[PDB]
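To start, the structure itself, in structure tokens.
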Amino acid sequence: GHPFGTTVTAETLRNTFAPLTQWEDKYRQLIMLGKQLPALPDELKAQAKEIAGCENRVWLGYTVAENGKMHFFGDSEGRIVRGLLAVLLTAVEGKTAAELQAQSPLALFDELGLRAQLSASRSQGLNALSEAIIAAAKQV
């Protein structure tokens, strides 16, 4: 599985990212954060949804512990987007469907300052990844 939402938290991302003001550095940190997203097994790539909004291919899938909590997994081809996926995974991992319809899943990106100078297509993939997350909450 991935470290996001357990070992990498919103809190650790705030500490990495709040000091950062230059986009070169935000992007350096996203790329490094992307490298802790493991390679997704082919089994599970075959079962993930392929997100139709991205510059390269992006997978997002999910399971659900019948104890309520929802557990996501994904992969990405490009280094920046892998990092954005990591940030998403951090917001969204370990959450109930109730919890996910409450908050905007992209809220974390706004509070880390990782939207302002995002490429136009990056935003789409993002939005698409949010819409995709919302769908899983409804379907339980």
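Note that the numbering runs from 1 along the sequence shown for the chain. The basis for the numbers below is simple: all heavy atoms, side chains too, and nothing from hydrogens, waters or symmetry mates.
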Ignoring hydrogens and angles, tell me if any N or O in the side chain of [X] forms a donor-acceptor pair with the backbone of [Y] under 3.5 Å.
| X | Y | result |
| --- | --- | --- |
| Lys26 | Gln22 | no |
| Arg82 | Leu37 | yes |
| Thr9 | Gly5 | no |
| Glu99 | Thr96 | yes |
| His2 | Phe72 | yes |
| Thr7 | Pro3 | no |

### Query
Under the side chain to side chain contact (heavy atoms under 4.5 Å, CB included) criterion, do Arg28 and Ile31 qualify, and how do the steps go?
CA-CA 5 Å; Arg28 253 172 209 294; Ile31 289 166; 5.7 Å; no
State yes or no: do [X] and [Y] share one hydrophobic cluster built from I, L, V, M, F, W and Y residues joined by side-chain heavy-atom distances below 4.5 Å, directly or via other members?
| X | Y | answer |
| --- | --- | --- |
| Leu89 | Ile133 | yes |
| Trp59 | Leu126 | no |
| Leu112 | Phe4 | yes |
| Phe73 | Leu60 | no |

### Task
Identify whether the distance between the nearest side-chain nitrogen and carboxylate oxygen of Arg57 and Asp75 falls below 4.0 Å.
no
Can you tell if the side chain of [X] reaches within under 4.5 Å of the side chain of [Y], non-hydrogen atoms only?
| X | Y | answer |
| --- | --- | --- |
| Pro105 | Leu100 | no |
| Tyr62 | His71 | no |
| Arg122 | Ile80 | yes |
| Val58 | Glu50 | no |
| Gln29 | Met32 | yes |
| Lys95 | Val92 | no |

Supply the atom-to-atom distance [X] [atom1] to [Y] [atom2], rounded to the nearest 0.5 angstrom.
| X | Y | atom1 | atom2 | result |
| --- | --- | --- | --- | --- |
| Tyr27 | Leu33 | OH | CG | 14.5 Å |
| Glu55 | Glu77 | CD | CD | 11.0 Å |
| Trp23 | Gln117 | CH2 | CD | 6.0 Å |
| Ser76 | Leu84 | OG | CG | 8.0 Å |
| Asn56 | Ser121 | CG | OG | 8.5 Å |
| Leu108 | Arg115 | CG | CZ | 11.0 Å |

### Message
Going by side chain to side chain contact (heavy atoms under 4.5 Å, CB included), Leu30 matches just one of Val87, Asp25, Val81. Which one?
### Response
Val87
